[PDB]
$ cat input.txt   # compact mmCIF, C-alpha atoms and all ligand atoms
# COMPACT_ATOMS: atom_id res chain seq x y z
CA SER Y 1 -4.59 -12.11 19.74
CA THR Y 2 -6.03 -10.99 16.37
CA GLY Y 3 -7.24 -7.78 14.62
CA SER Y 4 -9.66 -7.18 11.73
CA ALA Y 5 -10.41 -3.85 10.04
CA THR Y 6 -12.35 -2.73 6.97
CA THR Y 7 -10.42 -0.73 4.36
CA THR Y 8 -12.31 1.60 2.00
CA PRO Y 9 -11.29 3.28 -1.28
CA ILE Y 10 -10.94 7.07 -1.02
CA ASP Y 11 -12.58 7.73 -4.42
CA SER Y 12 -14.36 6.08 -7.40
CA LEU Y 13 -10.99 5.13 -8.99
CA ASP Y 14 -9.50 3.23 -5.97
CA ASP Y 15 -6.58 5.72 -5.91
CA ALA Y 16 -5.84 4.70 -2.29
CA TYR Y 17 -7.47 2.79 0.62
CA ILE Y 18 -8.15 4.14 4.18
CA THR Y 19 -8.53 2.06 7.37
CA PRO Y 20 -9.65 3.47 10.73
CA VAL Y 21 -6.99 3.41 13.49
CA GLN Y 22 -7.46 4.24 17.20
CA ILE Y 23 -4.60 6.28 18.69
CA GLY Y 24 -4.23 7.47 22.30
CA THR Y 25 -6.32 7.40 25.53
CA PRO Y 26 -9.20 8.26 25.15
CA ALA Y 27 -9.13 7.00 21.53
CA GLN Y 28 -8.67 9.48 18.67
CA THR Y 29 -9.71 7.71 15.43
CA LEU Y 30 -7.72 8.63 12.31
CA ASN Y 31 -8.11 7.10 8.78
CA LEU Y 32 -4.70 5.81 7.71
CA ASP Y 33 -3.30 4.56 4.40
CA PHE Y 34 -1.82 1.08 5.15
CA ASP Y 35 1.41 1.02 3.22
CA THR Y 36 3.47 -2.20 2.73
CA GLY Y 37 6.10 -0.13 0.81
CA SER Y 38 7.11 2.02 3.84
CA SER Y 39 7.81 1.61 7.57
CA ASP Y 40 6.78 4.85 9.32
CA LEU Y 41 3.52 5.44 11.26
CA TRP Y 42 3.00 9.16 10.73
CA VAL Y 43 -0.09 11.30 11.29
CA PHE Y 44 -1.40 14.83 10.75
CA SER Y 45 -1.34 16.54 14.20
CA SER Y 46 -1.92 19.66 16.38
CA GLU Y 47 1.81 20.44 15.58
CA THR Y 48 1.40 20.38 11.74
CA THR Y 49 1.84 23.84 10.06
CA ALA Y 50 -1.73 25.28 10.04
CA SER Y 51 -1.61 26.26 6.30
CA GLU Y 52 -0.65 22.65 5.35
CA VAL Y 53 -3.83 21.12 6.93
CA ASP Y 54 -6.95 21.04 4.69
CA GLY Y 55 -9.75 18.90 6.19
CA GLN Y 56 -7.72 16.07 7.76
CA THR Y 57 -8.45 14.77 11.28
CA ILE Y 58 -5.45 15.60 13.47
CA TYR Y 59 -3.89 13.74 16.38
CA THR Y 60 -3.59 15.87 19.55
CA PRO Y 61 -1.01 14.37 21.90
CA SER Y 62 -1.79 16.90 24.66
CA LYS Y 63 -5.30 15.31 24.95
CA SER Y 64 -3.93 11.74 25.30
CA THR Y 65 -3.05 10.54 28.83
CA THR Y 66 -0.77 7.77 27.45
CA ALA Y 67 1.18 10.01 24.94
CA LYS Y 68 4.94 10.43 25.76
CA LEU Y 69 7.32 12.77 23.85
CA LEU Y 70 10.33 10.73 22.64
CA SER Y 71 13.01 13.23 23.70
CA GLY Y 72 15.19 14.44 20.82
CA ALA Y 73 13.78 12.02 18.20
CA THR Y 74 13.04 13.37 14.71
CA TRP Y 75 11.84 11.80 11.44
CA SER Y 76 11.93 12.75 7.78
CA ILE Y 77 10.63 10.74 4.82
CA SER Y 78 10.80 11.13 1.01
CA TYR Y 79 8.45 8.96 -1.06
CA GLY Y 80 8.95 7.64 -4.65
CA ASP Y 81 6.42 10.13 -6.08
CA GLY Y 82 8.35 13.13 -4.68
CA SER Y 83 6.03 13.56 -1.66
CA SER Y 84 7.48 14.17 1.83
CA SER Y 85 6.83 14.83 5.53
CA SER Y 86 8.85 15.30 8.73
CA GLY Y 87 8.41 16.06 12.43
CA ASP Y 88 8.80 14.89 16.00
CA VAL Y 89 7.96 11.55 17.71
CA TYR Y 90 5.57 10.44 20.42
CA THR Y 91 4.92 6.98 21.88
CA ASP Y 92 1.23 6.07 22.45
CA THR Y 93 -1.28 3.22 22.48
CA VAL Y 94 -2.42 2.27 18.94
CA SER Y 95 -5.26 -0.18 18.10
CA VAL Y 96 -6.30 -1.67 14.73
CA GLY Y 97 -9.63 -3.49 14.65
CA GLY Y 98 -9.32 -4.61 18.27
CA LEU Y 99 -5.57 -5.44 18.22
CA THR Y 100 -3.73 -3.13 20.66
CA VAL Y 101 -0.08 -2.10 20.85
CA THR Y 102 1.23 0.01 23.74
CA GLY Y 103 4.33 2.18 23.26
CA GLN Y 104 4.05 2.39 19.47
CA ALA Y 105 6.04 5.24 17.92
CA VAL Y 106 3.52 7.74 16.52
CA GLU Y 107 5.35 10.16 14.23
CA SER Y 108 3.80 13.64 14.51
CA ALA Y 109 4.08 15.70 11.30
CA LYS Y 110 5.38 19.25 11.65
CA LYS Y 111 5.54 19.77 7.86
CA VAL Y 112 3.87 17.92 4.91
CA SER Y 113 4.17 18.26 1.11
CA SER Y 114 1.26 19.64 -0.98
CA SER Y 115 0.13 16.17 -2.19
CA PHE Y 116 -0.73 15.16 1.41
CA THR Y 117 -2.44 18.55 2.08
CA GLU Y 118 -4.59 18.05 -1.08
CA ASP Y 119 -5.74 14.53 -0.01
CA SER Y 120 -8.22 15.54 2.78
CA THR Y 121 -9.39 11.90 3.24
CA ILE Y 122 -5.96 10.57 4.31
CA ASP Y 123 -4.96 11.39 7.92
CA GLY Y 124 -1.59 9.64 7.70
CA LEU Y 125 0.25 6.45 6.83
CA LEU Y 126 0.77 3.18 8.68
CA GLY Y 127 3.97 1.58 7.37
CA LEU Y 128 3.98 -2.27 7.03
CA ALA Y 129 7.34 -2.87 5.24
CA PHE Y 130 10.41 -4.16 7.34
CA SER Y 131 11.53 -1.92 10.29
CA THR Y 132 14.97 -1.34 8.68
CA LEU Y 133 13.31 1.41 6.53
CA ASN Y 134 12.00 3.44 9.54
CA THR Y 135 13.33 7.04 9.41
CA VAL Y 136 13.32 7.88 13.16
CA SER Y 137 16.66 9.33 14.22
CA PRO Y 138 18.85 8.86 16.22
CA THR Y 139 17.01 5.73 17.45
CA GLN Y 140 15.23 3.70 14.72
CA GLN Y 141 11.64 2.63 15.66
CA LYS Y 142 9.63 -0.56 15.02
CA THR Y 143 6.49 -0.84 12.85
CA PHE Y 144 2.98 -1.65 14.29
CA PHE Y 145 3.25 -5.18 12.81
CA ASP Y 146 6.69 -5.74 14.42
CA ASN Y 147 5.34 -4.65 17.83
CA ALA Y 148 2.17 -6.82 17.53
CA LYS Y 149 4.10 -9.95 16.26
CA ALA Y 150 4.62 -11.69 19.66
CA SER Y 151 0.96 -11.18 20.65
CA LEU Y 152 -0.48 -12.44 17.32
CA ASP Y 153 -1.81 -16.02 17.07
CA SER Y 154 0.20 -16.31 13.83
CA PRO Y 155 2.90 -13.83 12.63
CA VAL Y 156 0.91 -12.80 9.51
CA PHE Y 157 -1.28 -10.03 8.12
CA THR Y 158 -3.56 -10.39 5.08
CA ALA Y 159 -4.68 -7.77 2.50
CA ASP Y 160 -8.01 -8.34 0.73
CA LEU Y 161 -8.56 -5.07 -1.24
CA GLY Y 162 -11.88 -4.60 -3.01
CA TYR Y 163 -12.48 -3.44 -6.59
CA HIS Y 164 -14.67 -0.29 -6.23
CA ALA Y 165 -15.76 -1.73 -2.87
CA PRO Y 166 -14.65 -2.14 0.78
CA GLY Y 167 -12.14 -4.80 1.77
CA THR Y 168 -10.28 -6.13 4.79
CA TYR Y 169 -6.89 -6.11 6.56
CA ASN Y 170 -6.58 -9.02 9.04
CA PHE Y 171 -3.80 -9.43 11.62
CA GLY Y 172 -2.86 -12.76 13.24
CA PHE Y 173 -4.98 -15.16 11.16
CA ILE Y 174 -5.89 -16.43 7.66
CA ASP Y 175 -9.58 -16.29 6.83
CA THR Y 176 -10.15 -19.53 4.84
CA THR Y 177 -13.56 -18.24 3.64
CA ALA Y 178 -12.03 -15.14 1.92
CA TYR Y 179 -10.42 -17.00 -1.03
CA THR Y 180 -10.87 -19.84 -3.59
CA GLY Y 181 -8.53 -22.80 -4.24
CA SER Y 182 -5.11 -22.84 -2.59
CA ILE Y 183 -2.69 -20.18 -1.40
CA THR Y 184 0.62 -20.33 -3.32
CA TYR Y 185 3.58 -19.11 -1.24
CA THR Y 186 6.70 -17.56 -2.72
CA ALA Y 187 10.08 -16.49 -1.24
CA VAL Y 188 10.67 -12.95 0.01
CA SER Y 189 13.95 -11.01 -0.01
CA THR Y 190 14.28 -8.45 2.82
CA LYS Y 191 17.68 -7.04 1.62
CA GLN Y 192 16.15 -3.67 0.52
CA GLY Y 193 13.56 -3.64 3.39
CA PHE Y 194 10.56 -4.39 1.13
CA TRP Y 195 8.22 -7.38 0.65
CA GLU Y 196 10.28 -8.23 -2.45
CA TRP Y 197 9.46 -11.37 -4.48
CA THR Y 198 9.91 -12.90 -7.96
CA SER Y 199 6.96 -13.34 -10.36
CA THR Y 200 7.31 -16.27 -12.82
CA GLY Y 201 5.86 -14.58 -15.90
CA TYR Y 202 2.87 -13.02 -17.57
CA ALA Y 203 0.18 -13.30 -20.24
CA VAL Y 204 -1.84 -10.57 -22.05
CA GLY Y 205 -5.54 -11.46 -22.49
CA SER Y 206 -5.94 -15.02 -23.80
CA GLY Y 207 -2.34 -15.06 -25.16
CA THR Y 208 0.43 -17.56 -24.43
CA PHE Y 209 2.05 -17.39 -20.97
CA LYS Y 210 5.59 -16.00 -21.12
CA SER Y 211 7.85 -17.54 -18.43
CA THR Y 212 10.23 -14.79 -17.31
CA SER Y 213 11.53 -13.63 -13.91
CA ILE Y 214 10.11 -10.29 -12.78
CA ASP Y 215 11.53 -9.07 -9.46
CA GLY Y 216 9.15 -6.65 -7.77
CA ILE Y 217 7.59 -5.47 -4.50
CA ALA Y 218 4.13 -6.09 -3.03
CA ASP Y 219 3.09 -2.48 -2.31
CA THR Y 220 -0.37 -1.60 -0.92
CA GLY Y 221 0.72 2.10 -0.89
CA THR Y 222 1.14 2.36 -4.69
CA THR Y 223 -1.99 2.59 -6.85
CA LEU Y 224 -0.72 1.23 -10.18
CA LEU Y 225 1.18 -1.78 -11.49
CA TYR Y 226 4.73 -0.75 -12.64
CA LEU Y 227 6.42 -3.40 -14.83
CA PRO Y 228 9.47 -3.55 -17.22
CA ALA Y 229 9.14 -1.61 -20.48
CA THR Y 230 9.06 -4.82 -22.63
CA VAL Y 231 6.08 -6.22 -20.67
CA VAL Y 232 4.12 -2.92 -20.65
CA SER Y 233 4.67 -2.42 -24.44
CA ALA Y 234 3.38 -6.00 -25.11
CA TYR Y 235 0.20 -5.24 -23.05
CA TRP Y 236 -0.62 -1.84 -24.63
CA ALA Y 237 0.07 -3.17 -28.18
CA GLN Y 238 -3.18 -5.20 -27.75
CA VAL Y 239 -5.28 -2.00 -27.19
CA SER Y 240 -6.23 -0.22 -30.42
CA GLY Y 241 -5.22 3.48 -30.25
CA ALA Y 242 -3.12 3.14 -27.07
CA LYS Y 243 0.16 5.12 -26.89
CA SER Y 244 2.76 6.44 -24.45
CA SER Y 245 2.31 10.20 -23.91
CA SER Y 246 5.15 12.38 -22.50
CA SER Y 247 2.74 15.26 -21.70
CA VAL Y 248 0.52 12.94 -19.62
CA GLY Y 249 3.40 10.90 -18.21
CA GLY Y 250 2.50 7.40 -19.37
CA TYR Y 251 0.31 5.12 -21.48
CA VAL Y 252 -3.18 6.47 -22.38
CA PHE Y 253 -5.91 4.68 -24.37
CA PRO Y 254 -9.25 5.63 -26.07
CA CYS Y 255 -11.90 5.63 -23.28
CA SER Y 256 -14.18 3.52 -25.59
CA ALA Y 257 -11.69 0.60 -25.86
CA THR Y 258 -12.12 -2.77 -24.08
CA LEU Y 259 -9.03 -3.64 -22.07
CA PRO Y 260 -7.62 -7.19 -22.16
CA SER Y 261 -6.98 -8.90 -18.83
CA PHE Y 262 -3.41 -9.25 -17.46
CA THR Y 263 -2.10 -12.51 -15.89
CA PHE Y 264 0.94 -12.67 -13.56
CA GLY Y 265 2.58 -15.92 -12.33
CA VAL Y 266 3.10 -16.89 -8.67
CA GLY Y 267 5.20 -20.07 -8.86
CA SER Y 268 3.06 -22.42 -10.98
CA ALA Y 269 -0.20 -20.54 -10.15
CA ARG Y 270 -1.75 -17.64 -12.12
CA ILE Y 271 -3.43 -14.46 -10.90
CA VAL Y 272 -5.73 -12.87 -13.48
CA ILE Y 273 -6.30 -9.11 -13.30
CA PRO Y 274 -9.54 -8.26 -15.15
CA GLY Y 275 -9.20 -5.55 -17.82
CA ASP Y 276 -11.74 -3.25 -16.06
CA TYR Y 277 -9.21 -2.96 -13.13
CA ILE Y 278 -6.66 -1.43 -15.55
CA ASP Y 279 -8.98 1.54 -16.47
CA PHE Y 280 -8.14 4.72 -14.48
CA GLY Y 281 -10.66 6.98 -16.30
CA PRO Y 282 -10.20 10.22 -18.23
CA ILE Y 283 -6.84 12.02 -18.02
CA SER Y 284 -8.86 15.27 -17.44
CA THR Y 285 -12.60 15.96 -16.92
CA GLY Y 286 -14.47 15.54 -20.22
CA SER Y 287 -11.53 13.94 -22.05
CA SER Y 288 -12.01 10.94 -24.34
CA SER Y 289 -8.43 9.75 -23.49
CA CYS Y 290 -8.16 7.40 -20.45
CA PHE Y 291 -5.22 6.69 -18.11
CA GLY Y 292 -3.78 3.14 -17.96
CA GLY Y 293 -3.31 1.13 -14.78
CA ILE Y 294 -0.18 -0.65 -16.17
CA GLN Y 295 2.82 1.64 -16.57
CA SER Y 296 6.57 1.24 -17.18
CA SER Y 297 8.98 1.04 -14.20
CA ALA Y 298 12.04 2.26 -16.23
CA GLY Y 299 12.09 5.70 -14.53
CA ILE Y 300 11.54 4.17 -11.01
CA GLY Y 301 14.23 1.52 -10.84
CA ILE Y 302 12.01 -1.07 -9.16
CA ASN Y 303 9.00 -3.13 -10.34
CA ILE Y 304 5.87 -2.47 -8.23
CA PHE Y 305 2.91 -4.79 -7.78
CA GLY Y 306 0.57 -2.03 -6.57
CA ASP Y 307 -3.17 -1.97 -5.71
CA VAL Y 308 -4.06 -2.88 -9.40
CA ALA Y 309 -2.42 -6.32 -8.98
CA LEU Y 310 -2.98 -6.96 -5.22
CA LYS Y 311 -6.73 -6.18 -5.35
CA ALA Y 312 -7.15 -9.09 -7.85
CA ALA Y 313 -5.90 -11.58 -5.15
CA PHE Y 314 -6.07 -12.55 -1.43
CA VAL Y 315 -2.55 -11.72 -0.18
CA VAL Y 316 -0.77 -13.17 2.83
CA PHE Y 317 2.21 -11.30 4.27
CA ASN Y 318 3.88 -13.98 6.37
CA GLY Y 319 6.28 -12.34 8.83
CA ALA Y 320 7.75 -15.62 10.13
CA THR Y 321 11.62 -15.89 10.71
CA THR Y 322 11.88 -16.54 6.98
CA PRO Y 323 9.24 -14.30 5.36
CA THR Y 324 7.02 -15.43 2.44
CA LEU Y 325 4.14 -13.93 0.41
CA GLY Y 326 1.01 -15.98 -0.27
CA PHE Y 327 -1.32 -15.37 -3.21
CA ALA Y 328 -4.73 -16.92 -3.82
CA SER Y 329 -7.50 -16.23 -6.32
CA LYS Y 330 -10.74 -14.77 -4.84
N1 LIG M 401 3.61 5.28 -1.49
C1 LIG M 401 3.30 6.05 -0.30
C2 LIG M 401 2.36 7.21 -0.63
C3 LIG M 401 1.01 7.10 -0.36
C4 LIG M 401 0.15 8.15 -0.67
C5 LIG M 401 0.64 9.30 -1.26
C6 LIG M 401 -0.31 10.47 -1.56
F1 LIG M 401 -0.86 10.35 -2.81
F2 LIG M 401 -1.30 10.49 -0.62
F3 LIG M 401 0.39 11.65 -1.51
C7 LIG M 401 2.00 9.41 -1.52
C8 LIG M 401 2.85 8.37 -1.22

$ encode --input "input.txt" --output "structure tokens" --more "lines below"
Ligand SMILES: NCc1ccc(C(F)(F)F)cc1
Amino acid sequence: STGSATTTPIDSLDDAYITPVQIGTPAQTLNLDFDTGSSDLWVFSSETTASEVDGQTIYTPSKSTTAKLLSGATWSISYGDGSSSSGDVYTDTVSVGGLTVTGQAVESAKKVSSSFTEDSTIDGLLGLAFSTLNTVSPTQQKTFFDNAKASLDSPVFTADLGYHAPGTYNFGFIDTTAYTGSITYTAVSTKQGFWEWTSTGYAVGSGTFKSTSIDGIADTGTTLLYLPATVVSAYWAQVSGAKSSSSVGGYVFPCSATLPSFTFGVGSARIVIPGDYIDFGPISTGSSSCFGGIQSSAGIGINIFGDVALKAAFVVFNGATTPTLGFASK
């Protein structure tokens, strides 16, 4: 079996992407943020604290004939940006673009942090990292991808994110019309539970390629590209007037500047991120200072290939016995 769903940016900056998901019987459609950096399927629900809901579509397990309360199970998650949520667990039927999984753990939020309340367009998250990161206690639960795996024609999912435009998440197959040239595959380490891989280097604009190992994670749930301080400094040194600002919390640049492109290596292949993708607009309404899409990972502890990098390529997440990541130009 296969699945295919359109993913759409939530705003004009591509801060996040939402994909419609059918949960329960009869179907209750919620717009979820597909996150390859986490492993919990959690949703806003009829149980969420009323004051912490501001425009989101909620899941109502009492209206679903296939919803079962997972007796005694709880969940609690803390994200890298300081956001969090927790609650109880149900099992229900979940479908993504025609691909159906019965008995999927649907984590019902009882409490959510302000950053989720403020994002009215995001009804929850669908975790696509390895199931070892799932927070359900006392019995850990599997991700949607892990449950669909045996039914899929091929144990893969692909991410084709659009730049200021809709894109696609495919499950079970590789659309050969979605990319140009060849797909280059690279090894994945599952030791930390992420789609962790090693980039072979970088180039800034039309500069010389610098061969250097950059260990990082392919994360659809993170907006920006977080790279080592040395790399980020070399990129922003090519933008006249750019500087790191402690009040803003990162590199800012004059909104009138032209940004050079950024190239990252995948084995012997190169993925070029156009400079326009690195512009995240004014730091505040009316400001002539713009926020950069390439920031330092020194305060995070891990390098993150977020939406800025992934949207410049067709990305294959191969969940075979030995996982690999494929990258192709598009
Ligand atoms: N990396 C997971 C993640 C995704 C979205 C959000 C936000 F912005 F919606 F709160 C926080 C954390």

$ closest_residue --input "input.txt" --among "Y:231, Y:242, Y:257, Y:125" --to "ligand LIG 401 (chain M)" --atoms "all atoms listed in the file"
Y:125

$ closest_atom_pairs --input "input.txt" --of "chain Y" --to "ligand LIG 401 (chain M)" --cutoff "6 Å" --atoms "only C-alpha atoms and all ligand atoms" --output "Markdown table"
| residue | atom | partner | partner_atom | distance |
| --- | --- | --- | --- | --- |
| Y:79 | CA | M:LIG401 | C8 | 5.6 |
| Y:83 | CA | M:LIG401 | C7 | 5.8 |
| Y:115 | CA | M:LIG401 | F3 | 4.6 |
| Y:116 | CA | M:LIG401 | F3 | 4.7 |
| Y:221 | CA | M:LIG401 | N1 | 4.3 |
| Y:222 | CA | M:LIG401 | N1 | 5.0 |

$ axis_aligned_box --input "input.txt" --around "segment 315-326 of chain Y" --padding-each-side "3 Å" --output "JSON"
{"center_x": 4.7, "center_y": -13.9, "center_z": 5.2, "size_x": 20.4, "size_y": 11.2, "size_z": 17.0}

$ atom_distance --input "input.txt" --atom1 "atom CA of residue 274 of chain Y" --atom2 "atom CA of residue 201 of chain Y"
16.7 Å

$ residues_around --input "input.txt" --residues "segment 302-305 of chain Y" --least-positions-apart "5" --cutoff "12 Å" --atoms "all atoms listed in the file" --output "PyMOL selection string"
chain Y and resi 36-37+80+192+194-199+213-229+231-232+264+271+273+293-297+310-313+315

$ atom_distance --input "input.txt" --atom1 "atom CA of residue 281 of chain Y" --atom2 "atom CA of residue 43 of chain Y"
29.9 Å

$ residues_around --input "input.txt" --residues "residue 24 of chain Y" --least-positions-apart "5" --cutoff "6 Å" --atoms "only C-alpha atoms" --output "number ranges by chain"
Y: 64, 92-93

$ write_last_selection --input "input.txt" --atoms "C-alpha atoms" --output "short mmCIF file (atom, residue, chain, number, x, y, z; two decimals), in the frame of the given file"
data_model
loop_
_atom_site.label_atom_id
_atom_site.label_comp_id
_atom_site.auth_asym_id
_atom_site.auth_seq_id
_atom_site.Cartn_x
_atom_site.Cartn_y
_atom_site.Cartn_z
CA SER Y 64 -3.93 11.74 25.30
CA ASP Y 92 1.23 6.07 22.45
CA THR Y 93 -1.28 3.22 22.48
#

$ closest_residue --input "input.txt" --among "Y:69, Y:188, Y:94, Y:126" --to "residue 25 of chain Y" --atoms "only C-alpha atoms"
Y:94

$ decode --input "input.txt" --residues "segment 70-87 of chain Y" --atoms "N, CA, C and O atoms" --output "PDB file, in the first residue's frame"
ATOM      1  N   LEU Y  70      -6.129   4.022  26.429  1.00  0.00           N
ATOM      2  CA  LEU Y  70      -5.026   3.132  26.789  1.00  0.00           C
ATOM      3  C   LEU Y  70      -4.862   3.329  28.289  1.00  0.00           C
ATOM      4  O   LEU Y  70      -4.281   4.323  28.736  1.00  0.00           O
ATOM      5  N   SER Y  71      -5.457   2.412  29.062  1.00  0.00           N
ATOM      6  CA  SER Y  71      -5.512   2.462  30.513  1.00  0.00           C
ATOM      7  C   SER Y  71      -4.178   2.725  31.202  1.00  0.00           C
ATOM      8  O   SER Y  71      -3.244   1.933  31.069  1.00  0.00           O
ATOM      9  N   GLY Y  72      -4.124   3.822  31.957  1.00  0.00           N
ATOM     10  CA  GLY Y  72      -2.948   4.210  32.724  1.00  0.00           C
ATOM     11  C   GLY Y  72      -1.792   4.856  31.979  1.00  0.00           C
ATOM     12  O   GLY Y  72      -0.843   5.325  32.618  1.00  0.00           O
ATOM     13  N   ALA Y  73      -1.838   4.891  30.629  1.00  0.00           N
ATOM     14  CA  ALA Y  73      -0.738   5.475  29.860  1.00  0.00           C
ATOM     15  C   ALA Y  73      -0.759   6.986  29.876  1.00  0.00           C
ATOM     16  O   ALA Y  73      -1.822   7.587  29.811  1.00  0.00           O
ATOM     17  N   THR Y  74       0.414   7.595  30.068  1.00  0.00           N
ATOM     18  CA  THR Y  74       0.601   9.045  30.055  1.00  0.00           C
ATOM     19  C   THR Y  74       1.774   9.396  29.113  1.00  0.00           C
ATOM     20  O   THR Y  74       2.564   8.529  28.727  1.00  0.00           O
ATOM     21  N   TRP Y  75       1.878  10.666  28.741  1.00  0.00           N
ATOM     22  CA  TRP Y  75       2.957  11.137  27.884  1.00  0.00           C
ATOM     23  C   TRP Y  75       3.319  12.546  28.275  1.00  0.00           C
ATOM     24  O   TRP Y  75       2.496  13.273  28.822  1.00  0.00           O
ATOM     25  N   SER Y  76       4.561  12.923  28.029  1.00  0.00           N
ATOM     26  CA  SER Y  76       5.051  14.246  28.379  1.00  0.00           C
ATOM     27  C   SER Y  76       6.245  14.522  27.497  1.00  0.00           C
ATOM     28  O   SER Y  76       7.181  13.730  27.506  1.00  0.00           O
ATOM     29  N   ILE Y  77       6.236  15.625  26.748  1.00  0.00           N
ATOM     30  CA  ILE Y  77       7.356  15.920  25.864  1.00  0.00           C
ATOM     31  C   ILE Y  77       7.854  17.349  26.027  1.00  0.00           C
ATOM     32  O   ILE Y  77       7.068  18.255  26.260  1.00  0.00           O
ATOM     33  N   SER Y  78       9.180  17.525  25.974  1.00  0.00           N
ATOM     34  CA  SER Y  78       9.874  18.813  26.014  1.00  0.00           C
ATOM     35  C   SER Y  78      10.637  18.930  24.704  1.00  0.00           C
ATOM     36  O   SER Y  78      11.435  18.056  24.381  1.00  0.00           O
ATOM     37  N   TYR Y  79      10.393  19.989  23.949  1.00  0.00           N
ATOM     38  CA  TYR Y  79      11.078  20.236  22.686  1.00  0.00           C
ATOM     39  C   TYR Y  79      12.310  21.155  22.871  1.00  0.00           C
ATOM     40  O   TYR Y  79      12.419  21.850  23.885  1.00  0.00           O
ATOM     41  N   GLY Y  80      13.211  21.144  21.887  1.00  0.00           N
ATOM     42  CA  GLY Y  80      14.447  21.924  21.885  1.00  0.00           C
ATOM     43  C   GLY Y  80      14.287  23.429  22.030  1.00  0.00           C
ATOM     44  O   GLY Y  80      15.193  24.115  22.522  1.00  0.00           O
ATOM     45  N   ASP Y  81      13.130  23.960  21.602  1.00  0.00           N
ATOM     46  CA  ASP Y  81      12.850  25.396  21.737  1.00  0.00           C
ATOM     47  C   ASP Y  81      12.191  25.773  23.083  1.00  0.00           C
ATOM     48  O   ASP Y  81      11.738  26.906  23.244  1.00  0.00           O
ATOM     49  N   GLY Y  82      12.107  24.831  24.016  1.00  0.00           N
ATOM     50  CA  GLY Y  82      11.470  25.084  25.301  1.00  0.00           C
ATOM     51  C   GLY Y  82       9.957  24.931  25.290  1.00  0.00           C
ATOM     52  O   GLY Y  82       9.296  25.300  26.267  1.00  0.00           O
ATOM     53  N   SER Y  83       9.382  24.397  24.188  1.00  0.00           N
ATOM     54  CA  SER Y  83       7.940  24.163  24.145  1.00  0.00           C
ATOM     55  C   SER Y  83       7.617  22.764  24.715  1.00  0.00           C
ATOM     56  O   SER Y  83       8.496  21.900  24.760  1.00  0.00           O
ATOM     57  N   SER Y  84       6.391  22.565  25.218  1.00  0.00           N
ATOM     58  CA  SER Y  84       6.029  21.294  25.837  1.00  0.00           C
ATOM     59  C   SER Y  84       4.527  20.996  25.809  1.00  0.00           C
ATOM     60  O   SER Y  84       3.698  21.886  25.634  1.00  0.00           O
ATOM     61  N   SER Y  85       4.191  19.726  26.000  1.00  0.00           N
ATOM     62  CA  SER Y  85       2.820  19.251  26.066  1.00  0.00           C
ATOM     63  C   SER Y  85       2.800  17.896  26.780  1.00  0.00           C
ATOM     64  O   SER Y  85       3.827  17.220  26.890  1.00  0.00           O
ATOM     65  N   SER Y  86       1.647  17.524  27.304  1.00  0.00           N
ATOM     66  CA  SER Y  86       1.489  16.271  28.038  1.00  0.00           C
ATOM     67  C   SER Y  86       0.018  15.881  28.069  1.00  0.00           C
ATOM     68  O   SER Y  86      -0.837  16.743  27.891  1.00  0.00           O
ATOM     69  N   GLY Y  87      -0.269  14.617  28.355  1.00  0.00           N
ATOM     70  CA  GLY Y  87      -1.649  14.181  28.500  1.00  0.00           C
ATOM     71  C   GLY Y  87      -1.852  12.691  28.630  1.00  0.00           C
ATOM     72  O   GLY Y  87      -0.993  11.967  29.149  1.00  0.00           O
TER      73      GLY Y  87
END
